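Peer 1: So that we are looking at the same thing, I have put the structure below in structure tokens.
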Amino acid sequence: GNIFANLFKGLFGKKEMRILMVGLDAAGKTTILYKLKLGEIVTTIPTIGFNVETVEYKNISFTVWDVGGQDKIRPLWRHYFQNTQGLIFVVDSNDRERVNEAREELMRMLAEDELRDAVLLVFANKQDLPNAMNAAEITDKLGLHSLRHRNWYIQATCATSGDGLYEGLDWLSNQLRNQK
Amino acid sequence: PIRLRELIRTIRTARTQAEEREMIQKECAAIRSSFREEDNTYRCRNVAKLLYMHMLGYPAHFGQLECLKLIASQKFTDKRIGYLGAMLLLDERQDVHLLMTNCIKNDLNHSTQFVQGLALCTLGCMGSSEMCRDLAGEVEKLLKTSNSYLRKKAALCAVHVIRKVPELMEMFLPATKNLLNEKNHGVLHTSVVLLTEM
Amino acid sequence: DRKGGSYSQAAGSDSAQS
Amino acid sequence: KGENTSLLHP
Amino acid sequence: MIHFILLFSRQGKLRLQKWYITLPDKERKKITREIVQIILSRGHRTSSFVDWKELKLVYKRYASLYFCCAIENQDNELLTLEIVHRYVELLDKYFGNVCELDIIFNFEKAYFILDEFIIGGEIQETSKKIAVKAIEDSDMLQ
Amino acid sequence: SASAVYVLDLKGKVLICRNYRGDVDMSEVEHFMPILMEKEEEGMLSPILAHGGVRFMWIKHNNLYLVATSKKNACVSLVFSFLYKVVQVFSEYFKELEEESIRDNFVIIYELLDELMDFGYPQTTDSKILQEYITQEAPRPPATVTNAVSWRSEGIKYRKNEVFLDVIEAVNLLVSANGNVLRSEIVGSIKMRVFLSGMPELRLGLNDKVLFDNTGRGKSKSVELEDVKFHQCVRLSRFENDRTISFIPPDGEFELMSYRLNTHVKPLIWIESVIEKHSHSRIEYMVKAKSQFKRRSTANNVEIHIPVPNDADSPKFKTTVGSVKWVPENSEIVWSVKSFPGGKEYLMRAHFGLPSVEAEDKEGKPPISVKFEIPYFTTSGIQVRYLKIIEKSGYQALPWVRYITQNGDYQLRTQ
Amino acid sequence: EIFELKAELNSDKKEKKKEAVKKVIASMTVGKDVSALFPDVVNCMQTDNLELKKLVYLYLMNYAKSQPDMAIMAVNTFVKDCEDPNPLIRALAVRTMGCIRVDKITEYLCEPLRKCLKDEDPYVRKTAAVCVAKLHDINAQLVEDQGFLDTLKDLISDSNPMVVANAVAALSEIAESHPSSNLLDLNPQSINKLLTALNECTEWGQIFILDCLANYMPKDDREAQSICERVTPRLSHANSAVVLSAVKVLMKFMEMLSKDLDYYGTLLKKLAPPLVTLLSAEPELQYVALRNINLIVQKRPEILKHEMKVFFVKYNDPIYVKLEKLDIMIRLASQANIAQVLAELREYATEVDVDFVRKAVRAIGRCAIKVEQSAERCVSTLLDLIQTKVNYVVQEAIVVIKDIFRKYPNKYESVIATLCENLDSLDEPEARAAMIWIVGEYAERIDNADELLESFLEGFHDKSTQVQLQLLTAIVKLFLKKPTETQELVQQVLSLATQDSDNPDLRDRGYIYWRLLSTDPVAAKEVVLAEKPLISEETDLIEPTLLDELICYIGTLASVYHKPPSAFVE
Ligand SMILES: Nc1nc2c(ncn2[C@@H]2O[C@H](COP(=O)(O)OP(=O)(O)OP(=O)(O)O)[C@@H](O)[C@H]2O)c(=O)[nH]1
Ligand SMILES: [Mg+2]
């Protein structure tokens with residue numbers, strides 16, 4: 001066999017990568033996905049089902065599958081976990097009551113044998129008000145440091161401002177892609 | 001990418017029931033293997049083969065996520081295949097149409113008439129108690145449109161919602177007011193059917 | 001040769017039984 | 001055969 | 001409205017199936033088998049009308065493949081036959097010399113035509129040319 | 001006492017029918033198909049049908065149902081034996097058992113059916129005798145049927161007198177899911193293809209336990225078959241008197257004796273299956289095969305069939321010895337090995353995904369069966385002593401025999 | 001087509017006549033009414049070719065009943081062919097003469113039948129015997145007038161052992177339809193002669209030879225011992241029918257055999273290997289073998305005492321074969337193989353066949369009821385089946401528990417708590433009624449019996465007649481035992497079943513219960529909640545008179561159906 005075509009394709013960029021869009025409802029997951037794909041904060045209707053979109057950055061097409069945080073859509077995240085390589089969790093630092101629910105949902109998602117090769121992607125959503133926690137308080141509350149055998153990274157991103165999305169994308173690419 | 005015509009010819013070529021069952025199982029295994037890789041180029045052929053197998057009397061439980069994924073796609077053929085799969089293998093008791101509500105809402109405002117009409121037809125054929133609750137507002141919005149080709153679809157969707165949800169007929173009282181002067185036969189028939197149902 | 005065991009010659013009777 | 005025949009014969 | 005419309009061949013093979021009532025897969029298969037047996041076990045002088053399960057089981061096949069309809073007892077019986085004839089004429093016009101072989105190969109096209117013609121068991125396109133034009137425009141989209 | 005035996009088709013069409021008594025109308029065959037369809041749909045289908053006061057016994061053939069309608073309380077066993085004899089005669093005359101040969105040899109088929117039985121009582125059942133009087137490409141009936149020796153045609157002349165025997169051994173093991181073997185029976189098969197000149201009277205002699213005990217030599221390894229059935233040419237009187245297996249060998253391949261006794265030894269192949277099936281996530285196939293047979297014997301064409309999930313897809317095989325192929329039609333993975341030497345240890349690690357949507361109904365747990373076949377192995381230890389070939393003219397015969405060991409009902413219950 | 005075929009058949013060309021005959025045969029086999037061309041083929045009947053003669057004879061036989069008038073032009077041809085030098089031609093003519101269902105045709109064939117009765121050829125003799133038997137079946141009076149009974153009887157003591165077997169079968173068939181007057185029974189010399197020719201008979205002749213011995217009744221131990229010794233070699237025959245006939249003959253002879261003598265023990269010992277060999281026969285004969293074993297099981301159950309491993313149902317066994325194996329295991333169940341039976345039932349309970357699962361559950365329940373040593377094992381198996389989360393399995397377990405409580409409820413109080421909360425939402429009448437009866441009779445180990453019965457009282461007036469009666473009985477029993485917590489429940493049940501219950505039997509039962517409650521509540525405990533006697537389970541064994549009759553009828557259609565021979569024929 002010959003891999004000349006594969007080498008030629010990889011010389012100019014062949015890797016694409018994957019990503020997931022999960023989190024509690026009203027946690028900026030849809031806004032984060034829109035900012036990653038388009039770059040603007042557009043108001044959208046509640047995600048009754050799911051949102052499918054692709055984002056190309058650094059020569060890698062990291063497709064993001066938006067998943068709602070509704071009760072009827074929370075158990076449907078397992079359907080989108082199949083044929084998925086990445087997962088991004090959007091935390092609601094401004095929702096103290098919903099913080100526990102988001103942490104429980106993240107623990108349930110990470111406590112599945114099928115979702116084991118996907119590194120943790122915790123995004124501190126709603127990072128625009130004083131009530132939002134920092135990149136360490138949210139992780140400590142969610143117990144991201146205790147996720148053994150999982151590469152979890154806590155990043156603070158504001159949907160209105162869009163800051164930190166580039167850093168999170170770069171961290172995800174570094175975790176997934178291990179090439180020069 | 002096995003074509004639907006090729007699958008039909010292969011099915012017709014089988015005489016014994018066991019041979020036909022084995023061929024159907026092999027085709028379903030090939031379709032499942034293709035779907036497991038997230039194939040999107042020959043998705044229409046796989047969807048057609050799965051629909052043909054289901055119509056022949058073969059299981060299609062594994063071919064549920066593929067239809068949902070193709071529903072939220074952008075290709076017209078893929079969208080039609082997803083709509084057909086939702087109409088045929090998707091039902092209220094299936095429980096896989098809950099994730100289809102977001103796709104229907106996204107396609108309810110689609111500019112293309114075929115996509116919007118196909119989505120309305122699928123919603124009417126597979127009307128659910130919860131889907132109509134989150135889609136009642138969208139149906140009423142299209143009931144006041146002046147599109148003759150879409151007026152009949154809106155009337156059918158409203159009738160289906162009323163039949164599934166009798167308590168939602170209160171929101172269709174002013175939508176059908178002053179609609180007895182439609183020149184199109186289809187629009188007038190839809191209005192008459194909606195009035196009779198109410 | 002042949003699969004399933006090569007053919008072997010058979011006697012006529014038990015010579016030790018008289 | 002009987003399948004190639006038209007349904008309505010028109 | 002039409003609860004379910006299925007096209008079944010004389011030998012019992014089903015060339016089309018469209019049910020407007022959500023039923024279990026096993027229950028739907030049993031109902032289809034019972035309908036096929038009733039149609040296959042009925043003569044040509046039975047009036048093409050059967051009152052099975054309190055449903056106007058109207059069987060009227062113009063060729064080897066037959067067609068069956070299931071509507072509630074709230075409308076005239078001739079209306080179902082007229083609708084079936086109109087749908088058959090529309091399908092023949094859309095395809096051209098429609099046969100049993102063409103129906104199997106054009107199952108997706110037949111399903112699309114049925115969806116664009118009748119939705120939810122009720123008549124959606126009273127005219128025969130408007131529906132054909134809409135189907136042609138949808139097909140030409142790609 | 002079937003009224004008329006007829007051959008049906010897969011679509012219910014009778015390929016050929018021949019009434020023998022005339023007490024049953026030929027129109028009852030049409031109602032047989034609806035009765036069979038109703039029985040199949042309700043689980044009450046049986047080979048012996050019943051249409052009112054007339055019973056239509058049918059046998060599932062290769063392509064058609066051999067329906068033998070009967071009216072009175074005829075011998076069901078006799079009817080089954082007649083149907084089996086007719087099927088064997090058709091297989092001998094026609095190499096294919098389907099509609100292609102049913103409508104291709106009707107001229108000879110009708111004559112064979114008429115000559116086979118009359119008035120519901122079979123008369124001719126020998127394939128060679130039937131072919132010697134009825135052919136598809138007529139003289140008087142042969143004297144062999146009228147004579148006492150109906151299994152050895154006289155006057156046969158051959159250049160050389162060579163007989164090829166076959167010591168066929170079937171190793172059947174019924175291992176439950178708990179790991180214990182429930183049904184472990186080995187059925188012997190002494191089939192010899194005698195091709196010589198004349199009608200020699202074979203004198204079968206082996207290391208039988210009963211014979212060794214009677215002769216006083218019950219100290220060596222002797223095969224003690226629980227059930228021993230002699231061939232048609234084998235004289236039962238000699239066997240009952242002093243276990244003397246004396247009979248005229250047939251012209252061609254025939255089954256002289258077939259031993260059948262339970263087996264109390266360890267299985268030839270020890271197969272242990274591990275099912276690391278996740279909850280709609282993945283599946284694990286920890287299949288380990290241990291060769292319990294002697295190292296000097298190799299199991300040629302060993303195929304250990306491990307049933308995989310019905311909806312499983314994208315499977316990965318991680319084995320050591322033997323190719324693993326997943327057949328979607330069979331819905332299982334067979335650990336096929338070309339050569340399996342005794343004492344070999346083959347370990348496999350299957351890994352495949354599962355669909356997200358759960359199955360609507362259960363599919364069951366079919367037992368795991370292996371297709372090991374190690375020739376030149378005598379697990380029972382029975383050795384043939386001698387073959388008394390005696391001819392009136394007098395000739396030196398060179399009989400041959402080969403011992404073949406294979407796997408029969410060697411099914412292991414799934415976990 | 002038809003005209004062309006007629007023209008070809010009315011020609012002098014042999015090739016054209018053969019082609020026309022082949023076309024007519026193909027049309028007849030394909031489903032074409034070729035009876036209209038029978039008169040045309042009558043002229044083209046006397047042909048030198050044997051292939052054309054066979055086709056003409058077959059057409060005449062198949063077109064004889066359709067056109068009896070046109071069959072009168074073949075008597076001369078049949079008479080001419082009956083003297084053909086070729087034995088095959090004579091045999092074919094004899095078969096065609098007896099195969100023609102013509103009232104006036106057999107009358108003129110009596111002379112050919114008499115001429116062929118003394119045929120020297122064994123095939124000719126067999127054909128003549130078959131023709132005589134066919135004539136007797138069609139016309140018994142004609143056969144009696146022709147005097148073929150004497151010829152048939154003398155054929156048994158002649159050469160041509162296959163011809164002798166054919167004649168014996170024909171004589172038995174004639175006597176089978178006869179009213180038993182002037183039977184063809186033979187003395188012991190005849191039996192000895194048949195046994196001597198039994199070893200020289202073919203596979204088909206062996207069955208005929210053994211059928212004659214089935215009607216003969218031995219009268220001496222020496223004669224019975226000799227018959228058993230002669231039939232012993234028949235057990236080593238590859239023919240399944242021959243083996244079955246030999247087994248039936250041995251069973252019939254064992255009726256007059258003496259248990260003190262060692263012949264019965266030897267026959268029983270040699271019968272087990274035969275049963276084991278028959279159990280591994282083909283699926284078509286597997287059902288027959290199972291039926292024969294079941295019929296002989298009630299006669300000599302000790303013959304197959306150790307035959308239990310082979311009774312297990314194989315994975316590839318058919319539904320009928322699995323059912324027969326389960327029935328054999330249930331009939332052959334014993335405390336020695338109780339663990340094996342339980343393991344097979346547990347393994348058989350994991351199958352995907354609902355009918356198979358129900359049969360396995362019924363067999364397990366029957367084994368638990370019959371053998372009290374496995375009552376704990378049966379209860380554990382039922383509990384495991386209930387916990388398996390199967391609707392059919394749960395219903396079967398509930399039914400088994402209810403049956404065991406009525407049969408062995410002394411130590412059944414340890415399952416009331418487990419069965420109290422056992423997915424009681426099932427609406428199956430068999431399981432619901434069993435649970436209600438268990439709660440009513442065992443309303444002592446459950447502290448929420450009234451609460452459990454409260455849910456079942458919502459639709460008591462419209463649940464079912466048997467279900468309503470069971471619920472009323474349970475309520476009455478609870479009130480008699482614990483009326484403090486069921487005083488209002490009993491009144492509500494009486495009101496529902498007395499005023500809102502329109503069932504005649506249910507209304508009468510409710511009125512009787514209300515009268516008993518209002519007359520003497522103390523006496524209701526001794527009247528309603530009385531200690532019932534031991535429940536007499538229905539015995540599955542057949543009657544001794546039927547068993548003896550079924551022993552003689554071995555291998556017939558009646559044995560498979562388990563019905564008397566006169567109760568199944570039309
Ligand atoms: N205005 C504003 N909204 C924010 C900000 N950060 C997070 N959000 C949340 O982002 C949400 C945007 O809604 P969506 O587009 O539907 O995305 P989502 O948060 O995943 O909501 P669902 O799709 O229904 O699950 C808003 O409802 C806000 O609650 C922010 O900085 N400004
Ligand atoms: Mg969103």
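By convention in this document, the chains of the structure tokens carry letters A, B, ... by their order, each chain's residues are numbered from 1, and ligands are numbered from 1 in the order they are shown.
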Excluding residue 8 (chain C) and residues on its chain fewer than 2 positions from it, collect all residues at most 10 Å away from it, counting only C-alpha atoms, and give them as a PDB file with N, CA and C atoms, in the first residue's frame.

Peer 2:
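What landed in selection-v9.pdb:
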```pdb
ATOM      1  N   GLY C   5      -8.829 -38.510   7.346  1.00  0.00           N
ATOM      2  CA  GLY C   5      -8.185 -39.768   7.665  1.00  0.00           C
ATOM      3  C   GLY C   5      -7.881 -40.608   6.442  1.00  0.00           C
ATOM      4  N   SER C   6      -6.615 -40.978   6.274  1.00  0.00           N
ATOM      5  CA  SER C   6      -6.218 -41.795   5.137  1.00  0.00           C
ATOM      6  C   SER C   6      -6.781 -43.205   5.271  1.00  0.00           C
ATOM      7  N   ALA C  10      -7.715 -53.340   5.924  1.00  0.00           N
ATOM      8  CA  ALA C  10      -8.448 -54.055   6.955  1.00  0.00           C
ATOM      9  C   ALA C  10      -8.201 -55.552   6.819  1.00  0.00           C
ATOM     10  N   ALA C  11      -8.208 -56.237   7.959  1.00  0.00           N
ATOM     11  CA  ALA C  11      -7.967 -57.669   7.996  1.00  0.00           C
ATOM     12  C   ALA C  11      -9.233 -58.429   7.604  1.00  0.00           C
TER      13      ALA C  11
ATOM     14  N   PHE F 164     -14.089 -49.265   0.068  1.00  0.00           N
ATOM     15  CA  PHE F 164     -13.649 -48.100   0.828  1.00  0.00           C
ATOM     16  C   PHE F 164     -14.606 -47.897   1.999  1.00  0.00           C
ATOM     17  N   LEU F 165     -14.099 -48.079   3.214  1.00  0.00           N
ATOM     18  CA  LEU F 165     -14.888 -47.879   4.418  1.00  0.00           C
ATOM     19  C   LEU F 165     -14.695 -46.462   4.952  1.00  0.00           C
ATOM     20  N   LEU F 398      -9.232 -56.292  -1.285  1.00  0.00           N
ATOM     21  CA  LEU F 398      -8.358 -55.298  -0.663  1.00  0.00           C
ATOM     22  C   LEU F 398      -9.224 -54.190  -0.077  1.00  0.00           C
ATOM     23  N   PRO F 399      -9.984 -54.494   0.972  1.00  0.00           N
ATOM     24  CA  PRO F 399     -10.832 -53.467   1.583  1.00  0.00           C
ATOM     25  C   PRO F 399     -10.002 -52.385   2.253  1.00  0.00           C
ATOM     26  N   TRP F 400     -10.565 -51.180   2.287  1.00  0.00           N
ATOM     27  CA  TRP F 400      -9.928 -50.041   2.929  1.00  0.00           C
ATOM     28  C   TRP F 400     -10.952 -49.341   3.808  1.00  0.00           C
ATOM     29  N   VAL F 401     -10.461 -48.680   4.856  1.00  0.00           N
ATOM     30  CA  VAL F 401     -11.329 -47.977   5.793  1.00  0.00           C
ATOM     31  C   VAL F 401     -10.555 -46.797   6.357  1.00  0.00           C
ATOM     32  N   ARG F 402     -11.256 -45.686   6.568  1.00  0.00           N
ATOM     33  CA  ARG F 402     -10.673 -44.479   7.131  1.00  0.00           C
ATOM     34  C   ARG F 402     -11.537 -43.999   8.288  1.00  0.00           C
ATOM     35  N   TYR F 403     -10.886 -43.547   9.355  1.00  0.00           N
ATOM     36  CA  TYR F 403     -11.571 -43.057  10.544  1.00  0.00           C
ATOM     37  C   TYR F 403     -11.611 -41.535  10.488  1.00  0.00           C
TER      38      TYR F 403
END
```

Peer 1: Extract, using only C-alpha atoms, all DNA, RNA and protein residues at most 8 Å from residue 171 (chain A), discarding same-chain residues fewer than 4 positions from it, and format them as a ChimeraX atom specification.

Peer 2: /A:153,167,175

Peer 1: Create the file for the chosen residues now, containing N, CA and C atoms and written as a compact mmCIF listing (two decimals), in the first residue's frame.

Peer 2:
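File again-v3.txt, as written:
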```
# COMPACT_ATOMS: atom_id res chain seq x y z
N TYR A 153 -10.87 21.31 30.94
CA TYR A 153 -10.31 22.65 30.99
C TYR A 153 -11.44 23.64 31.24
N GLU A 167 -9.52 31.21 22.92
CA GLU A 167 -8.67 30.44 23.83
C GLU A 167 -9.23 29.04 24.05
N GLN A 175 -5.70 19.81 22.79
CA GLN A 175 -6.05 18.54 23.43
C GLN A 175 -6.32 17.45 22.40
```

Peer 1: Could you list, as JSON, numbers by chain, the residues of chain B having an atom within 7 Å of chain F when counting only C-alpha atoms?

Peer 2: {"B": [22, 25, 26, 29, 32, 33, 61, 62]}

Peer 1: Hey, which residues come within 12 Å of ligand 2 if we count only C-alpha atoms and all ligand atoms? Could you give them as a short mmCIF file (atom, residue, chain, number, x, y, z; two decimals) with N, CA and C atoms, in the first residue's frame?

Peer 2:
```cif
data_model
loop_
_atom_site.label_atom_id
_atom_site.label_comp_id
_atom_site.auth_asym_id
_atom_site.auth_seq_id
_atom_site.Cartn_x
_atom_site.Cartn_y
_atom_site.Cartn_z
N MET A 21 -21.98 20.25 21.78
CA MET A 21 -22.61 21.41 22.42
C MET A 21 -23.63 20.88 23.42
N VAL A 22 -23.24 20.84 24.70
CA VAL A 22 -24.09 20.35 25.77
C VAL A 22 -24.05 21.34 26.93
N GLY A 23 -25.07 21.28 27.76
CA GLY A 23 -25.15 22.14 28.92
C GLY A 23 -26.59 22.37 29.32
N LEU A 24 -26.75 23.13 30.40
CA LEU A 24 -28.08 23.47 30.88
C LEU A 24 -28.74 24.48 29.96
N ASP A 25 -30.07 24.53 30.02
CA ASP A 25 -30.83 25.47 29.20
C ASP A 25 -30.54 26.90 29.64
N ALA A 26 -30.50 27.80 28.66
CA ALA A 26 -30.19 29.21 28.91
C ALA A 26 -28.78 29.40 29.46
N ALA A 27 -27.87 28.49 29.12
CA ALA A 27 -26.49 28.54 29.59
C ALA A 27 -25.53 29.09 28.54
N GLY A 28 -26.05 29.65 27.45
CA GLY A 28 -25.21 30.18 26.40
C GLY A 28 -24.67 29.17 25.42
N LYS A 29 -25.15 27.92 25.47
CA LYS A 29 -24.66 26.91 24.54
C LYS A 29 -24.98 27.27 23.10
N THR A 30 -26.24 27.65 22.83
CA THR A 30 -26.60 28.08 21.48
C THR A 30 -25.88 29.37 21.11
N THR A 31 -25.79 30.32 22.04
CA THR A 31 -25.05 31.55 21.78
C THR A 31 -23.57 31.27 21.55
N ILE A 32 -22.99 30.36 22.33
CA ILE A 32 -21.59 30.00 22.13
C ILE A 32 -21.38 29.37 20.76
N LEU A 33 -22.29 28.48 20.36
CA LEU A 33 -22.17 27.85 19.05
C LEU A 33 -22.31 28.87 17.93
N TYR A 34 -23.24 29.82 18.07
CA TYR A 34 -23.40 30.86 17.07
C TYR A 34 -22.17 31.74 16.98
N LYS A 35 -21.57 32.09 18.12
CA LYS A 35 -20.35 32.88 18.12
C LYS A 35 -19.20 32.11 17.47
N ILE A 41 -24.02 37.51 18.69
CA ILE A 41 -24.96 37.04 19.70
C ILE A 41 -26.37 37.26 19.16
N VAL A 42 -26.96 36.20 18.62
CA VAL A 42 -28.30 36.26 18.04
C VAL A 42 -29.25 35.47 18.93
N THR A 43 -30.38 36.08 19.27
CA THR A 43 -31.38 35.43 20.11
C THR A 43 -32.09 34.34 19.30
N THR A 44 -32.22 33.16 19.90
CA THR A 44 -32.83 32.02 19.23
C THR A 44 -33.91 31.43 20.13
N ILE A 45 -34.83 30.69 19.51
CA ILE A 45 -35.91 30.02 20.23
C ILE A 45 -35.31 28.87 21.04
N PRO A 46 -36.01 28.38 22.06
CA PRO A 46 -35.45 27.28 22.86
C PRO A 46 -35.19 26.05 22.01
N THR A 47 -34.09 25.37 22.31
CA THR A 47 -33.68 24.19 21.55
C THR A 47 -34.52 22.99 21.98
N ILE A 48 -35.69 22.83 21.36
CA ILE A 48 -36.52 21.66 21.65
C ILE A 48 -35.82 20.38 21.21
N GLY A 49 -35.21 20.40 20.03
CA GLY A 49 -34.47 19.25 19.54
C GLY A 49 -32.98 19.43 19.67
N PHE A 50 -32.30 19.66 18.55
CA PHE A 50 -30.86 19.86 18.55
C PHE A 50 -30.48 20.74 17.38
N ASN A 51 -29.29 21.33 17.47
CA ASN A 51 -28.75 22.20 16.43
C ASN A 51 -27.49 21.56 15.88
N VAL A 52 -27.39 21.49 14.55
CA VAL A 52 -26.26 20.89 13.87
C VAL A 52 -25.57 21.98 13.05
N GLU A 53 -24.27 22.16 13.29
CA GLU A 53 -23.49 23.16 12.59
C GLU A 53 -22.02 22.75 12.62
N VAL A 64 -19.99 21.32 15.67
CA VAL A 64 -20.60 21.42 16.99
C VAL A 64 -22.07 21.02 16.86
N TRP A 65 -22.50 20.10 17.71
CA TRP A 65 -23.88 19.62 17.74
C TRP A 65 -24.54 20.18 18.99
N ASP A 66 -25.36 21.21 18.82
CA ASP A 66 -26.02 21.85 19.95
C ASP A 66 -27.04 20.90 20.57
N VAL A 67 -27.04 20.82 21.90
CA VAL A 67 -27.97 19.99 22.64
C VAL A 67 -28.63 20.85 23.70
N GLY A 68 -29.96 20.79 23.77
CA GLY A 68 -30.69 21.59 24.73
C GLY A 68 -30.56 21.07 26.15
N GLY A 69 -30.85 21.96 27.10
CA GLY A 69 -30.78 21.61 28.51
C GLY A 69 -32.15 21.33 29.11
N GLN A 70 -33.15 21.15 28.25
CA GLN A 70 -34.49 20.86 28.72
C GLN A 70 -34.58 19.45 29.29
N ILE A 73 -35.09 17.06 26.64
CA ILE A 73 -33.91 16.95 25.79
C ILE A 73 -32.65 16.54 26.55
N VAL A 90 -21.31 24.03 28.66
CA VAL A 90 -21.48 25.44 28.98
C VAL A 90 -22.12 25.52 30.36
N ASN B 102 -37.32 20.64 17.29
CA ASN B 102 -36.40 21.73 16.96
C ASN B 102 -36.18 21.82 15.46
N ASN B 106 -37.14 24.99 13.12
CA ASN B 106 -36.16 25.63 12.25
C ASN B 106 -36.62 25.64 10.80
#
```

Peer 1: Name all residues at most 10 Å from residue 353 (chain G) (count only C-alpha atoms; drop same-chain ones fewer than 4 positions away) and give them as a count of residues only.

Peer 2: 8

Peer 1: Distance limit 7 Å, atoms considered: only C-alpha atoms. Which chain D residues sit that close to chain E? Return them as a list in words.

Peer 2: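 My answer is residues 2, 3, 4, 5, 6, 7 and 8 of chain D.
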
Peer 1: Would you output that residue set with N, CA, C and O atoms, as an mmCIF file, in the first residue's frame?

Peer 2:
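Output (selection.cif):
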```cif
data_model
loop_
_atom_site.group_PDB
_atom_site.id
_atom_site.type_symbol
_atom_site.label_atom_id
_atom_site.label_comp_id
_atom_site.auth_asym_id
_atom_site.auth_seq_id
_atom_site.Cartn_x
_atom_site.Cartn_y
_atom_site.Cartn_z
ATOM 1 N N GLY D 2 -48.649 -9.616 -15.524
ATOM 2 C CA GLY D 2 -49.728 -8.832 -14.965
ATOM 3 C C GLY D 2 -49.304 -7.596 -14.204
ATOM 4 O O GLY D 2 -50.172 -6.887 -13.679
ATOM 5 N N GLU D 3 -48.005 -7.312 -14.123
ATOM 6 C CA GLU D 3 -47.513 -6.132 -13.425
ATOM 7 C C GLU D 3 -47.199 -4.970 -14.354
ATOM 8 O O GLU D 3 -47.373 -3.813 -13.960
ATOM 9 N N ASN D 4 -46.742 -5.249 -15.576
ATOM 10 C CA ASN D 4 -46.445 -4.190 -16.532
ATOM 11 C C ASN D 4 -47.696 -3.539 -17.105
ATOM 12 O O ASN D 4 -47.590 -2.468 -17.712
ATOM 13 N N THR D 5 -48.863 -4.154 -16.935
ATOM 14 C CA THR D 5 -50.099 -3.575 -17.438
ATOM 15 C C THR D 5 -50.435 -2.294 -16.681
ATOM 16 O O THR D 5 -50.169 -2.164 -15.483
ATOM 17 N N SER D 6 -51.022 -1.341 -17.400
ATOM 18 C CA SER D 6 -51.394 -0.070 -16.796
ATOM 19 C C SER D 6 -52.500 -0.274 -15.768
ATOM 20 O O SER D 6 -53.372 -1.132 -15.931
ATOM 21 N N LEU D 7 -52.451 0.520 -14.695
ATOM 22 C CA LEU D 7 -53.468 0.423 -13.653
ATOM 23 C C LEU D 7 -54.846 0.794 -14.186
ATOM 24 O O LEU D 7 -55.846 0.151 -13.848
ATOM 25 N N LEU D 8 -54.920 1.832 -15.020
ATOM 26 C CA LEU D 8 -56.176 2.265 -15.608
ATOM 27 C C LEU D 8 -56.287 1.995 -17.101
ATOM 28 O O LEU D 8 -57.395 2.083 -17.643
#
```

Peer 1: Mind listing as a list in words which residues of chain B are within 6 Å of chain E, counting only C-alpha atoms?

Peer 2: residues 5, 91, 121, 124, 125 and 186 of chain B

Peer 1: For chain F, work out the contacting residues on chain A at 10 Å, counting only C-alpha atoms, and write them as a ChimeraX atom specification.

Peer 2: /A:78-82,112-115

Peer 1: Find the residues near region 151-158 of chain B: any atom within 6 Å, counting only C-alpha atoms, skip ones fewer than 2 places away on the same chain, and give them as a list in words.

Peer 2: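 The residues that qualify are residues 124, 142, 143, 147, 148, 149, 160, 161, 187 and 190 of chain B.
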
Peer 1: Go ahead and write the selection's residues with C-alpha atoms as a compact mmCIF listing (two decimals), in the first residue's frame.

Peer 2:
```txt
# COMPACT_ATOMS: atom_id res chain seq x y z
CA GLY B 124 -49.77 16.95 10.07
CA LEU B 142 -49.05 30.49 8.50
CA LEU B 143 -52.86 30.33 8.56
CA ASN B 147 -49.97 31.76 -0.27
CA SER B 148 -52.54 29.61 -2.07
CA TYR B 149 -50.16 26.63 -2.19
CA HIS B 160 -54.64 18.16 12.67
CA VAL B 161 -53.71 20.27 15.71
CA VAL B 187 -57.81 27.17 -0.26
CA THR B 190 -59.22 23.81 3.30
```
